[PDB]
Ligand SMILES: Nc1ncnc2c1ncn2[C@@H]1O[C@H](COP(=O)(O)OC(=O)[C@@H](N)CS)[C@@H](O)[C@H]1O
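The form deposited without the named molecule is given below as one chain in structure tokens.
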């Protein structure tokens, strides 16, 4: 059974997150102080990245921004790059170009797409090719406690297999694959599909991870196997306290799958839309829920309206401040000034409640929209409290900074 961390000496914000280990919304408690150790599964570098990747990394970029810029947690984040893999091998033979040269090509394009979307880079980037030796040492320790013996793993009282999805032996999975290459004590081989993530996360972050994230497709078999693998290495029972899984994205009602050729590259999207509009799209959909994207701008129409209204809001308010004259004005605190201020401080508490509610950005975005509507009337008709307008502009800048929006 999952054991929530103790609250003593830790930052307690009363934040709740959908934890796939509990299949429920639970309060988030750091393992140490205000520190959040966070490992996120990274992409497979054989292709251009598409909207499914963008949704996961932008959604967790938004979550990371909420945790750090808004709640003041101290976040240490690591993302791996899987540049050695069966799929990478096969694509290099179809294209008759080198496997490492191809992987380096699409990792560069991935990082260029992330910067185009204003996604912050993690603290550490762990490439599988640079960590193969540590992976081999990792397997050695599992044996001291190649294929994972699932039957032996369950037998232990301190270990439980498949904490997140209910469903020698067929259920055994490979840790090390025999070469059809790199040297190892057990023979030439390649890493298995899942062991790479468990190895790299353990070396940098250690025996306990505050958060582990990824898309929902990866929950089984990949993430459930990562949990079992890491518990076997350290010989303990909970390698990850909170597991966050983003929902799937369907384009025109079907899963993005290789055979369909239904993918939309991030670069193609960016020839028609801004980073702000693409982020607004993901802010409008809850990170933990599924989404349908209708291409050709059906889904982006609402996003573009919102982006346009934020841009105009800033044009007006900066002009009003610019033309404000302290000599010619009267600064009595009117009933209109006071009513706007109450809505301003109310909106602050609403957004706080929304972020605590599992990073409910769709409702926080609507809250900002309502506040902007009220400021617009105030600026048009009422006599303006220059200090109140400036203070409001800074709060909205702070929230847009938490969203990664740039105005």
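Residue numbers count along the first chain shown, from 1. Just so we're on the same page, rigid core means the largest C-alpha set that superposes within 1.5 Å between forms.
Per the record, residue 167 and residue 168 are separated by 10 or more deposited residues that are missing from the model.
The entry models residue 180 and residue 181 with a gap of 4 to 9 deposited residues left without coordinates. Higher average CA B factor: 136-144, of the stretches 136-144 and 72-80.
The PDB entry records a higher mean C-alpha B factor for 150-158 than for its counterpart among 331-339 and 150-158.
Taking only the listed residues 122, 253, 185, 295, the entry reports the highest CA temperature factor at 185. Of the candidates 322, 279, 267, 223, the deposited coordinates give 223 the top C-alpha B factor. Looking at the C-alpha B-factors along this chain, the one for residue 218 belongs to the middle third. When the modelled residues of the chain are ordered by their C-alpha B factor, residue 37 lands in the middle third. Residue 64 sits in the lowest third of its chain by CA B factor, as recorded in the PDB entry. Per-chain ranking of the deposited C-alpha B factor places residue 374 in the lowest third. Ranked by C-alpha B-factor against the other modelled residues of its chain, residue 203 falls in the highest third.
The form solved in complex with the named molecule is left out here; the points below concern that form.
247 is the sole member of 189, 192, 122, 247 with a non-hydrogen atom lying within 4.5 angstroms of the named molecule in the entry with it bound.
This chain is drawn without the named molecule; in the entry with it bound, the residue among 102, 256, 174, 114 with a heavy atom within 4.5 Å of it is 256. Although the partner is absent from this view, residue 218 contacts the named molecule in the entry with it bound, with a non-hydrogen atom inside 4.5 angstroms. The closest heavy atom approach of residue 269 to the named molecule in the entry with it bound falls outside 4.5 Å. Shown alone here, residue 168 lies farther than 4.5 Å from the named molecule in the entry with it bound, counting heavy atoms only. Residue contact with the named molecule in the entry with it bound: residue 225 places no heavy atom within 4.5 Å of it. Of the stretches 358-366, 36-44, 375-383, 335-343, only 36-44 has residues with a heavy atom within 4.5 Å of the named molecule in the entry with it bound. Along 66-83, a non-hydrogen atom within 4.5 Å of the named molecule in the entry with it bound is carried by 80, 82, in order along the sequence.
259 is the only residue from 296, 259, 271, 330 whose Cα shifts by 2 Å or more between this form and the one not shown, the rigid core being superposed.
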